[PDB]
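K.L.:
Quick one: the structure is below, and I'll ask about it shortly.
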Amino acid sequence: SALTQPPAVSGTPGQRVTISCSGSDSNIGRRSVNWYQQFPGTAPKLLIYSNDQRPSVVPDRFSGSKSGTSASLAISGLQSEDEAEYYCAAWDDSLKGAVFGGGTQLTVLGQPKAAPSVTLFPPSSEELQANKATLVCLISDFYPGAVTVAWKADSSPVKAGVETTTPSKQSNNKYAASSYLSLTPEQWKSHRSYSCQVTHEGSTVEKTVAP
Amino acid sequence: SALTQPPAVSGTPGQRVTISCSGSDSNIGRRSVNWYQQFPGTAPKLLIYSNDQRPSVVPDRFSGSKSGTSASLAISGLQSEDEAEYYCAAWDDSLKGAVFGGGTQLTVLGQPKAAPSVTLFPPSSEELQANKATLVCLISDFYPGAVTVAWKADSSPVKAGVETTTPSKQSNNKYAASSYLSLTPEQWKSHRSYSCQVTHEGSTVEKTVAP
Amino acid sequence: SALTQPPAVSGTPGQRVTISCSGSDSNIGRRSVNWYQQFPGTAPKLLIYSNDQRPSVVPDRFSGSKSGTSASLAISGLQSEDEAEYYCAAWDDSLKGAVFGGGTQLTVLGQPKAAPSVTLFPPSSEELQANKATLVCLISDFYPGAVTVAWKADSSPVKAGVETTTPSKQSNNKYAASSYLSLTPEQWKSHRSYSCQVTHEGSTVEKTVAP
Amino acid sequence: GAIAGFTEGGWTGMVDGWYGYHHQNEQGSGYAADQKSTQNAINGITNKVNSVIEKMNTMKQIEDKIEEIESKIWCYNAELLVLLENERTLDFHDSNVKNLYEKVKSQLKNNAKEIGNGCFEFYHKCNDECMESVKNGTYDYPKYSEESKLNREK
Amino acid sequence: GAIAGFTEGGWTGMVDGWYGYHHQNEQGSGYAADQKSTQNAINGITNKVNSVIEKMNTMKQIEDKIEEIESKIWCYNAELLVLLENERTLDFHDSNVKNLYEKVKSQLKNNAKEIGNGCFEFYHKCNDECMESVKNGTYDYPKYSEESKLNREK
Amino acid sequence: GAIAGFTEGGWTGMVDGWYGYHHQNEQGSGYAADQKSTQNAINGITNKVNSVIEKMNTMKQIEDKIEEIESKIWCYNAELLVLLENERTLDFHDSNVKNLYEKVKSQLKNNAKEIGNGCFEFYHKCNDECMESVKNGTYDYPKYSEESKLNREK
Amino acid sequence: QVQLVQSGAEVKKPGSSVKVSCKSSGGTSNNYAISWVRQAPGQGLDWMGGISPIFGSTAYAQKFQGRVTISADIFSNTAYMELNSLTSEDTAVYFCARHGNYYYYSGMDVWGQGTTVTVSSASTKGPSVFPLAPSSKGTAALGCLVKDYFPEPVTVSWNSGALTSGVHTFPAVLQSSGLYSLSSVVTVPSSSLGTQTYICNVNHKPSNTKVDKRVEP
Amino acid sequence: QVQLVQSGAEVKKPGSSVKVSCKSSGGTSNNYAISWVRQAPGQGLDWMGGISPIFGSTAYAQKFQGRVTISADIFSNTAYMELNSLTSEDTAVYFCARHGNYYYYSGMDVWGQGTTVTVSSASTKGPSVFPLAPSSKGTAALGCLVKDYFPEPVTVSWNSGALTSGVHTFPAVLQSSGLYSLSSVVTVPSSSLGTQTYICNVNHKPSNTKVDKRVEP
Amino acid sequence: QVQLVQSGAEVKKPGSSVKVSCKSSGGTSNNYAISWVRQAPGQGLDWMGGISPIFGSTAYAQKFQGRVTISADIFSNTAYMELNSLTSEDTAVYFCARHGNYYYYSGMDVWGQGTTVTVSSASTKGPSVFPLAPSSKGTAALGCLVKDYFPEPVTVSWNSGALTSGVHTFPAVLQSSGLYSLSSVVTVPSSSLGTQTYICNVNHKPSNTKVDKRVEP
Amino acid sequence: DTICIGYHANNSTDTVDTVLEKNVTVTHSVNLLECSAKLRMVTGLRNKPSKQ
Amino acid sequence: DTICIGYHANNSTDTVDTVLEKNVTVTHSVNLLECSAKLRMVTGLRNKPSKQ
Amino acid sequence: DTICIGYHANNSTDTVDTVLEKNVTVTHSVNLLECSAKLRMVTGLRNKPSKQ
């Protein structure tokens with residue numbers, strides 16, 4: 001890929017920070033560059049075209065310049081909803097093709113620790129009749145993102161059958177994750193109670209279900 | 001109206017007389033003139049077009065000239081059937097419209113006194129049954145045109161209900177007129193006889209009907 | 001006819017002989033000549049066109065030249081199957097028409113005397129029932145062509161009713177002829193036997209039929 | 001600004017006819033349209049019209065489905081026969097007025113010569129007198145060859 | 001009066017073909033038509049014909065009212081497909097003979113040069129010899145460049 | 001050999017659009033196509049398409065014999081409406097680019113003048129600077145009238 | 001054999017509008033200019049305007065501009081004139097006329113019969129016809145009396161237009177009540193008296209009254 | 001594979017007219033000039049004229065001008081020749097021929113079978129066929145006798161053209177009565193004698209007599 | 001109001017081929033260039049190529065040349081992309097995009113929802129859905145468990161898309177057996193408990209499983 | 001002096017279709033429909049007004 | 001000397017219609033009708049004879 | 001220096017029919033048939049490539 005972008009950027013709310021794009025004579029050097037915005041799991045939106053030109057929907061706080069063989073974009077009054085990845089793009093005459101930058105991930109200087117809402121779901125009744133037992137611990141309401149959940153049978157941990165997802169952004173953007181405990185009704189019939197234990201930044205939250 | 005004609009002309013049978021048409025630079029002065037013939041109650045016929053040009057049906061005795069800002073037409077060997085009114089016409093560029101002269105009435109030096117045939121008509125029989133009585137005095141066969149008719153009940157005149165037409169030309173052209181006596185069968189039942197009295201150039205003709 | 005050819009030519013097998021065509025300035029002089037081949041009773045075949053040009057089917061042994069106001073064609077290695085008549089042709093501008101030569105008949109130096117197969121045919125049986133008697137002497141298998149056939153009733157000749165054809169070429173080309181004896185069953189009932197007598201180059205062959 | 005001539009446009013000011021003339025001698029301007037050929041054009045044009053309009057007009061759903069069939073045909077049939085004579089009405093126009101050029105190149109000879117645009121400047125001075133004769137088709141040329149032959153000198 | 005060339009008319013006198021030539025060297029006149037392309041024209045022209053004629057042919061009043069429907073369609077259908085290839089038969093003609101110009105402007109080079117009208121006057125004198133070579137497509141030009149290059153002097 | 005210009009052909013090398021330009025100042029070659037009018041052309045061209053495709057779609061042998069009737073009509077009906085807009089799609093093209101000539105004869109004035117073929121040689125030397133302004137429609141001419149007026153001297 | 005045939009006479013009250021038709025019968029006049037010219041009773045000719053349908057010109061007199069609309073139907077070979085906001089001065093006889101050419105300079109060479117248009121505050125009523133018996137006098141007189149008709153004008157013919165000689169039809173009289181009346185008479189010979197019959201045709205469009213009464217001894 | 005197929009032979013009495021057809025079978029010749037050339041018996045070729053239907057030329061020999069009409073039907077790929085006011089000199093065999101190109105300068109490269117046209121004062125009558133039994137002689141002879149036919153010419157084939165070897169068909173003789181007669185014979189082997197049958201086809205169009213008789217032992 | 005609507009996600013095993021559609025709904029984009037750009041998971045944008053149907057251009061990225069075919073149907077306003085010889089690197093999300101103009105220089109201004117294409121050796125199987133009862137907690141939590149589905153991805157909506165607030169649908173987990181499973185939850189108020197019902201919509205095209213289960217107390 | 005030959009023009013906004021061309025403005029035409037609603041036939045000439 | 005290239009002309013009075021034009025006289029055509037009675041198809045060229 | 005205005009050409013072998021002309025090669029067209037089997041409609045321009 002023909003166009004050069006820093007891998008990640010960060011900014012405080014309200015500050016101005018800028019992201020650069022370096023190409024060669026074959027692309028930006030003789031042609032206009034377009035840059036795109038991506039929020040996770042959704043399609044891109046066009047922010048600027050023809051170097052410095054701005055689209056009807058886009059806020060004036062975004063503005064552009066390109067020089068020589070490189071182009072750069074400044075976001076003023078950086079705000080939290082702006083958190084997303086944005087890509088440079090251009091036509092390349094050597095390739096006789098469109099090219100994109102590697103991409104730049106923007107982070108907004110985080111907001112304070114927020115604890116999760118954890119919800120644990122029971123075997124649906126048909127499901128035990130079906131041959132099944134599954135526990136769903138829904139870990140929700142979290143901010144900023146990476147933590148560990150350990151699960152107990154009685155008060156004793158279970159390694160087997162545990163699959164825990166890596167974190168994902170919610171729509172107004174803070175994170176949630178999923179972990180599932182797989183296993184058959186005899187395992188269930190036998191027990192106790194079951195618990196999902198979430199510890200965040202060293203502090204642990206637990207919920208329990210019983211047959 | 002843009003074009004100038006004498007109001008009336010007269011001629012003896014066989015003589016040549018001429019009728020003039022005066023316009024301004026806006027009409028005849030730069031464009032051709034057409035002149036038209038009118039016998040009473042019927043549509044016009046075209047006699048000359050393009051100043052001096054003559055139509056297939058028209059006698060050579062009609063011929064034309066136009067000069068400067070005026071035009072004139074001569075009728076040779078004037079004859080009695082020629083008795084009618086003839087109009088000059090032209091295109092006007094200022095008006096961007098066609099114009100006509102005021103018109104000229106031609107009279108042929110009259111032929112001798114001819115007395116009328118007077119005919120008086122009875123109530124039709126249905127008409128008396130209908131609520132009606134009307135007398136129709138048809139005064140016919142007259143030459144030249146204006147006379148007075150006075151009507152009598154018994155031998156006494158009646159002013160009321162009498163309406164007498166002003167004279168009109170017949171087709172081979174001498175005149176006829178109509179006068180009507182209006183009134184209800186009691187007026188009729190009561191009377192006498194009724195008469196319509198026509199006096200022409202001081203000499204009187206009468207016809208009578210009785211119930 | 002505008003184009004000049006010798007009436008007849010002869011050649012030995014294998015020799016080269018040439019046939020000439022003389023025209024005037026009006027035909028060959030300004031236009032190309034085409035020459036045609038005719039075998040008896042069939043349509044012509046085109047041998048050469050555009051003076052010297054040769055058609056796909058034709059053997060190289062035929063070749064052409066034309067000069068000035070005359071044209072000539074040579075047949076090399078003359079062979080017997082070549083026996084036929086060939087015609088010169090050209091466009092004529094004075095006539096504004098196509099012209100042909102008088103034609104030239106080619107003969108190949110004959111092959112030895114070959115005697116005829118003579119076959120005599122009987123009245124068909126229906127035919128005597130029909131009112132008829134006819135004798136058909138088919139004289140076949142002959143080479144070169146002109147001979148006389150005399151017919152006998154008993155051993156006595158009959159002049160009446162005899163019609164003998166002039167000779168015709170067979171397909172691989174040697175000749176055959178036909179003579180017919182016409183006459184009514186009484187003539188037949190009465191007789192003898194009937195014979196057709198063919199004598200060729202002074203030697204006579206006979207066949208006989210009997211009722 | 002100036003005036004015109006065919007090549008770059010028609011004449012709004014000329015209203016006396018489809019085809020026609022206008023002249024500028026020292027007297028003054030004045031559009032004069034050619035009744036001559038404006039008429040014989042229209043007459044044929046008129047005759048093309050009625051010749052077109054002479055052609056207008058010669059199980060339940062079977063009847064309809066047919067009715068709509070010739071509603072279909074005829075309606076495009078027309079559309080066909082509209083674009084046709086329309087185009088060739090319009091080659092008829094341009095034809096006539098190049099014919100209304102040969103008009104007097106076969107008359108104005110070499111006394112004026114093509115400005116290019118479709119106008120003429122006379123080696124003459126041609127008054128009302130003169131343009132009228134052109135319009136008439138009168139336009140002689142024993143006229144005054146001489147002076148133009150001189151005037152030609154230019 | 002003189003002769004012609006395309007621009008202002010075709011040749012009644014040329015009968016040997018649709019397209020073709022005529023020359024006037026000091027020998028004499030004589031219309032000579034181009035068999036070359038008159039043929040390959042006709043062949044295609046002929047092929048256009050059968051290609052057209054290959055298309056001919058694929059409750060009481062219902063049957064009739066239908067019968068008259070395709071009597072109608074087909075009959076104009078044809079009329080459609082007549083004006084078409086007729087017009088484009090006629091662009092095919094004019095095309096060929098401007099192609100029968102490139103003929104030898106890509107051969108006669110600069111030895112004659114366009115009279116304008118569609119004829120040529122040689123910087124040469126080209127006898128039967130020579131026009132034949134043109135007609136043949138032979139027409140070399142190491143011919144005699146020199147003299148024409150001189151003759152050019154004019 | 002050299003390059004081109006309309007008159008004798010289109011440009012294989014120009015791919016940025018239907019219509020457009022190319023220039024040769026002393027810097028170097030480079031085909032530049034006119035987005036300006038290539039777009040508004042296509043938009044209308046596109047609009048001609050759906051306008052065409054909007055028209056597609058509105059006793060035993062009676063039904064068939066009818067079915068085949070509008071199989072017949074419609075199928076030629078189309079054929080009609082294909083040759084039409086095709087021809088007039090193609091007068092629309094040539095129209096635009098003579099309009100893409102008036103483009104800057106109403107701008108390049110008398111600073112270059114028609115080569116004939118459809119190109120221009122400047123009484124100027126017009127760098128990237130300059131052709132861009134032409135392309136922009138910017139092309140002023142208080143520019144440098146003077147030198148061209150001098151350069152004109154040639 | 002072209003002739004222009006105009007619609008029959010119409011009468012409408014003021015402020016209303018009227019449309020008059022002129023049909024070119026026996027051929028087309030589309031390649032000609034046709035003009036409308038009006039003649040008020042006992043007055044001169046007045047150009048209203050004209051139309052040349054194929055040429056494409058429609059022209060109007062200045063005084064009648066904006067009030068008159070002139071139109072043509074090429075299919076029917078008929079030209080129409082429509083006048084609006086009628087007043088008493090618009091009462092007149094209206095003619096249609098064909099110029100010599102496509103334009104209005106040329107002479108008007110085919111003329112319509114003329115159409116009478118009467119502007120009156122009024123309510124149209126139909127005539128009653130009554131026979132006038134051959135009471136009076138080789139010659140005799142007979143007639144029809146046309147009674148109580150509004151508004152003008154009425155046409156009278158005898159025996160389907162078959163009867164042509166010696167017929168005179170009188171002008172109307174306007175009575176004090178405001179209604180027209182008329183008589184039509186023809187003098188024909190006394191010889192056919194008893195055997196042969198006379199029949200009357202009376203028609204007047206505003207009423208569209210076409211009425212027949214036959215006169216008997 | 002183009003071939004020109006001409007109509008069969010015709011015979012008409014003098015002063016009458018005849019039309020001869022030449023069909024281009026297996027393709028079209030419309031893009032070619034086709035000429036008509038006649039050969040009188042034992043005489044040279046004579047150009048009558050030609051036609052090039054797509055090119056648009058129709059040409060005539062000078063001697064035959066005004067008497068001959070040459071035409072083509074492009075649809076049927078058939079060209080026609082019609083001659084009028086026949087006399088005895090017009091008795092001949094008529095060929096149709098295709099030139100190499102659209103014009104008549106080029107060689108004539110496809111030739112019709114030829115059509116015989118006979119001009120005779122006469123009344124056409126049909127032939128009667130009678131078998132000629134294998135009376136005479138590994139080889140044998142059989143035939144058909146064609147009796148009493150007017151006018152010339154007649155075609156004979158055996159067993160539908162299936163029979164090809166050793167067949168010779170004789171020239172006709174003209175008898176004193178004025179009628180033609182002929183015999184057709186084929187010599188075939190004696191070996192098939194008894195088992196295998198021989199069948200005769202005789203046809204001559206002026207009579208349009210196509211007649212069949214089979215020969216038996 | 002134009003929007004580009006792409007076909008749903010597809011999954012095919014390697015070496016096979018896939019065709020992706022992009023429909024221009026609410027209007028046409030034929031006068032525009034449309035490009036196909038792919039984004040592999042957590043990776044940058046990659047131009048594959050583009051087509052401008054009315055203009056007549058079809059363009060391809062160099063790396064994808066010969067393997068990708070881009071097409072458009074002007075009638076349906078739909079553009080198609082087809083890729084061949086799939087391998088694991090071709091697993092990605094594929095977007096369709098419209099340029100600002102007829103050409104590819106211009107910015108891409110209307111974007112499709114994106115279509116996920118997964119290349120896996122695998123045999124597609126359908127999910128089973130089971131309700132997650134409002135067991136846990138003015139606020140409550142309910143959900144659906146999506147069990148045993150191959151391959152990715154599955155879409156979940158509640159009550160026909162009528163239900164919009166407080167719904168979070170989780171990422172899938174890939175189990176040791178190799179099958180995906182997921183849960184979808186929404187937190188809604190406790191107030192409607194007993195009266196009002198919640199209904200689940202689960203669909204995933206490779207299985208084309210669209211499955212419904214409603215959650216009850 | 002000069003003389004020019006010219007053809008009519010006017011302020012008509014009326015338009016027609018031809019085989020070759022679409023919506024040409026012409027000075028005058030008649031409308032034939034006393035179906036698909038497109039049948040104007042030209043009588044006048046191509047409308048190409050001067051300017052001043 | 002000169003050489004000219006030319007096309008055929010003749011004295012044919014035959015005429016055809018084209019999309020664009022009416023009754024053009026051409027040197028040769030074939031008539032297709034072995035309905036509305038107008039179907040002549042041209043084979044020859046436009047007939048434009050010299051003069052002398 | 002020079003500047004030229006030009007139109008597109010390419011290596012397309014695609015062809016269409018017009019009222020006036022047959023099989024013209026053009027750079028691009030769309031095919032309408034998703035009967036007589038002839039309905040190509042042009043979008044591109046007449047294909048007339050330079051040479052070199």
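So you can find residues: chains in the structure tokens are A, B, ... in the order shown, residues in each start at 1, and ligands are numbered from 1 in order.
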Which parts of chain A does DSSP call helix (DSSP H, G or I) when run on the backbone here, written out as number ranges by chain?

P.N.:
A: 80-82, 125-129, 185-190

K.L.:
Taking 5 positions as the minimum chain separation for residues in the same chain, which residues sit within 8 Å of residue 50 in chain K when counting only C-alpha atoms? Answer as a ChimeraX atom specification.

P.N.:
/E:4,8-12 /K:9

K.L.:
Go through A:204, A:67, A:164, A:5 and flag the residue nearest chain I, using only C-alpha atoms for the distances.

P.N.:
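Selected residue with least distance to chain I: A:164.
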
K.L.:
List the neighbours of residue 3 in chain J out to 10 Å using only C-alpha atoms; skip same-chain residues closer than 4 positions along the sequence, and give me the result as an MDAnalysis selection string.

P.N.:
chainID D and resid 5 21:25 29 31 112 118:122 126 131 134

K.L.:
Take the residues from that selection and write them out as a PDB file, in the first residue's frame, keeping N, CA, C and O atoms.

P.N.:
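Dumped to selection-v7.pdb:
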ATOM      1  N   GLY D   5     -27.816  37.623 -42.095  1.00  0.00           N
ATOM      2  CA  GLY D   5     -27.602  36.652 -43.136  1.00  0.00           C
ATOM      3  C   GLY D   5     -27.647  35.274 -42.509  1.00  0.00           C
ATOM      4  O   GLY D   5     -27.095  35.035 -41.434  1.00  0.00           O
ATOM      5  N   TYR D  21     -35.968  38.721 -48.120  1.00  0.00           N
ATOM      6  CA  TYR D  21     -34.757  39.519 -48.206  1.00  0.00           C
ATOM      7  C   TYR D  21     -34.734  40.714 -47.272  1.00  0.00           C
ATOM      8  O   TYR D  21     -35.734  41.054 -46.640  1.00  0.00           O
ATOM      9  N   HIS D  22     -33.565  41.341 -47.194  1.00  0.00           N
ATOM     10  CA  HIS D  22     -33.465  42.703 -46.700  1.00  0.00           C
ATOM     11  C   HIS D  22     -32.175  43.345 -47.181  1.00  0.00           C
ATOM     12  O   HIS D  22     -31.129  42.704 -47.288  1.00  0.00           O
ATOM     13  N   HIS D  23     -32.277  44.639 -47.434  1.00  0.00           N
ATOM     14  CA  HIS D  23     -31.298  45.397 -48.183  1.00  0.00           C
ATOM     15  C   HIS D  23     -30.889  46.631 -47.406  1.00  0.00           C
ATOM     16  O   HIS D  23     -31.688  47.172 -46.643  1.00  0.00           O
ATOM     17  N   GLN D  24     -29.663  47.099 -47.598  1.00  0.00           N
ATOM     18  CA  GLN D  24     -29.314  48.400 -47.051  1.00  0.00           C
ATOM     19  C   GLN D  24     -28.558  49.272 -48.037  1.00  0.00           C
ATOM     20  O   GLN D  24     -27.328  49.315 -48.045  1.00  0.00           O
ATOM     21  N   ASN D  25     -29.327  49.962 -48.874  1.00  0.00           N
ATOM     22  CA  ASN D  25     -28.825  51.088 -49.645  1.00  0.00           C
ATOM     23  C   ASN D  25     -28.860  52.339 -48.780  1.00  0.00           C
ATOM     24  O   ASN D  25     -29.279  52.280 -47.626  1.00  0.00           O
ATOM     25  N   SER D  29     -33.151  50.972 -43.950  1.00  0.00           N
ATOM     26  CA  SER D  29     -33.411  49.553 -43.735  1.00  0.00           C
ATOM     27  C   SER D  29     -34.845  49.185 -44.103  1.00  0.00           C
ATOM     28  O   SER D  29     -35.655  50.054 -44.427  1.00  0.00           O
ATOM     29  N   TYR D  31     -36.976  45.079 -43.961  1.00  0.00           N
ATOM     30  CA  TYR D  31     -37.129  43.663 -44.291  1.00  0.00           C
ATOM     31  C   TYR D  31     -38.216  43.444 -45.342  1.00  0.00           C
ATOM     32  O   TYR D  31     -39.351  43.885 -45.169  1.00  0.00           O
ATOM     33  N   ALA D 112     -21.960  42.385 -57.145  1.00  0.00           N
ATOM     34  CA  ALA D 112     -21.663  42.149 -55.755  1.00  0.00           C
ATOM     35  C   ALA D 112     -20.983  40.791 -55.755  1.00  0.00           C
ATOM     36  O   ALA D 112     -21.079  40.053 -56.736  1.00  0.00           O
ATOM     37  N   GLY D 118     -23.654  35.033 -46.337  1.00  0.00           N
ATOM     38  CA  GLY D 118     -24.856  35.112 -47.137  1.00  0.00           C
ATOM     39  C   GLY D 118     -25.374  36.531 -47.224  1.00  0.00           C
ATOM     40  O   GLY D 118     -26.515  36.813 -46.861  1.00  0.00           O
ATOM     41  N   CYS D 119     -24.511  37.427 -47.684  1.00  0.00           N
ATOM     42  CA  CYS D 119     -24.889  38.796 -48.014  1.00  0.00           C
ATOM     43  C   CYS D 119     -24.042  39.237 -49.194  1.00  0.00           C
ATOM     44  O   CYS D 119     -23.226  38.459 -49.686  1.00  0.00           O
ATOM     45  N   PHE D 120     -24.222  40.474 -49.650  1.00  0.00           N
ATOM     46  CA  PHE D 120     -23.533  40.957 -50.850  1.00  0.00           C
ATOM     47  C   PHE D 120     -23.268  42.447 -50.800  1.00  0.00           C
ATOM     48  O   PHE D 120     -24.133  43.212 -50.408  1.00  0.00           O
ATOM     49  N   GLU D 121     -22.081  42.861 -51.224  1.00  0.00           N
ATOM     50  CA  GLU D 121     -21.787  44.281 -51.344  1.00  0.00           C
ATOM     51  C   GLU D 121     -21.595  44.647 -52.816  1.00  0.00           C
ATOM     52  O   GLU D 121     -20.738  44.094 -53.505  1.00  0.00           O
ATOM     53  N   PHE D 122     -22.411  45.578 -53.293  1.00  0.00           N
ATOM     54  CA  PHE D 122     -22.485  45.887 -54.717  1.00  0.00           C
ATOM     55  C   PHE D 122     -21.316  46.757 -55.222  1.00  0.00           C
ATOM     56  O   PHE D 122     -20.864  47.661 -54.519  1.00  0.00           O
ATOM     57  N   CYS D 126     -27.080  50.427 -55.437  1.00  0.00           N
ATOM     58  CA  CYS D 126     -28.369  49.888 -55.837  1.00  0.00           C
ATOM     59  C   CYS D 126     -29.524  50.408 -54.988  1.00  0.00           C
ATOM     60  O   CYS D 126     -29.802  49.891 -53.909  1.00  0.00           O
ATOM     61  N   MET D 131     -33.058  47.077 -55.998  1.00  0.00           N
ATOM     62  CA  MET D 131     -33.349  45.914 -55.172  1.00  0.00           C
ATOM     63  C   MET D 131     -34.724  45.362 -55.528  1.00  0.00           C
ATOM     64  O   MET D 131     -34.966  44.158 -55.448  1.00  0.00           O
ATOM     65  N   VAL D 134     -34.313  43.149 -58.403  1.00  0.00           N
ATOM     66  CA  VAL D 134     -33.808  41.882 -57.888  1.00  0.00           C
ATOM     67  C   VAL D 134     -34.970  41.052 -57.371  1.00  0.00           C
ATOM     68  O   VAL D 134     -35.153  39.898 -57.757  1.00  0.00           O
TER      69      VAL D 134
END

K.L.:
Please report the interatomic distance between CA of residue 141 in chain B and CA of residue 117 in chain B in Å with one decimal.

P.N.:
5.3 Å

K.L.:
Would you pick out the contacts of residue 180 in chain A at 9 Å or less, using only C-alpha atoms, so that residues sharing its chain but fewer than 5 positions from it are not included, and give the list as a PyMOL selection string?

P.N.:
(chain A and resi 134-138+161-165) or (chain I and resi 173+181-182)

K.L.:
Env of residue 76 in chain F: 9 Å cut, atoms = only C-alpha atoms, seq-sep filter 5 positions within chain, self excluded. Answer as a list in words.

P.N.:
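In the requested form, the answer reads residues 77 of chain E; 71 and 81 of chain F; 35 and 36 of chain L.
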
K.L.:
Print the selection's residues with N, CA, C and O atoms to a file, as a compact mmCIF listing (two decimals), in the first residue's frame.

P.N.:
# COMPACT_ATOMS: atom_id res chain seq x y z
N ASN E 77 -44.05 -2.05 -41.33
CA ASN E 77 -42.82 -2.74 -40.97
C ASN E 77 -41.85 -2.73 -42.13
O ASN E 77 -40.69 -2.39 -41.98
N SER F 71 -45.42 -9.83 -29.87
CA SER F 71 -44.04 -10.26 -29.83
C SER F 71 -43.34 -9.58 -31.00
O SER F 71 -42.17 -9.23 -30.92
N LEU F 81 -36.98 2.47 -31.75
CA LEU F 81 -36.50 3.35 -30.70
C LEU F 81 -35.08 3.06 -30.27
O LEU F 81 -34.66 3.50 -29.21
N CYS L 35 -36.05 -10.75 -28.65
CA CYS L 35 -36.88 -11.27 -29.73
C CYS L 35 -36.12 -11.54 -31.01
O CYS L 35 -35.64 -12.65 -31.24
N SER L 36 -36.03 -10.51 -31.86
CA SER L 36 -35.34 -10.63 -33.13
C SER L 36 -33.83 -10.61 -32.93
O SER L 36 -33.06 -10.80 -33.87

K.L.:
To one decimal place in Å, what is the distance between CA of residue 38 in chain H and CA of residue 79 in chain C?

P.N.:
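Pair CA of residue 38 in chain H / CA of residue 79 in chain C returns 28.5 Å.
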
K.L.:
For chain L, list the residues within 8 Å of chain F, counting only C-alpha atoms, and write the list as an MDAnalysis selection string.

P.N.:
chainID L and resid 1:11 17:20 32 35:36 38:50 52

K.L.:
DSSP on the backbone: what in chain C comes out strand (DSSP E), as a ChimeraX atom specification?

P.N.:
/C:8-11,17-22,33-38,45-48,62-67,70-75,85-92,97-100,104-108,117-121,134-142,148-153,156-157,162-164,168-169,175-182,194-200,203-209

K.L.:
Quick one: residues within 9 Å of range 105-107 of chain D, only C-alpha atoms, excluding same-chain residues fewer than 6 positions away - as a list in words?

P.N.:
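Counting only the stated atoms, we get residues 113, 114, 134, 137, 138, 139, 140 and 141 of chain D.
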
K.L.:
Excluding same-chain residues fewer than 5 positions from residue 169 in chain C, what lies within 10 Å of it counting only C-alpha atoms, as a list in words?

P.N.:
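Within the cut-off, the hits are residues 39, 40, 41, 142, 143, 144, 145, 174, 175, 176 and 177 of chain C.
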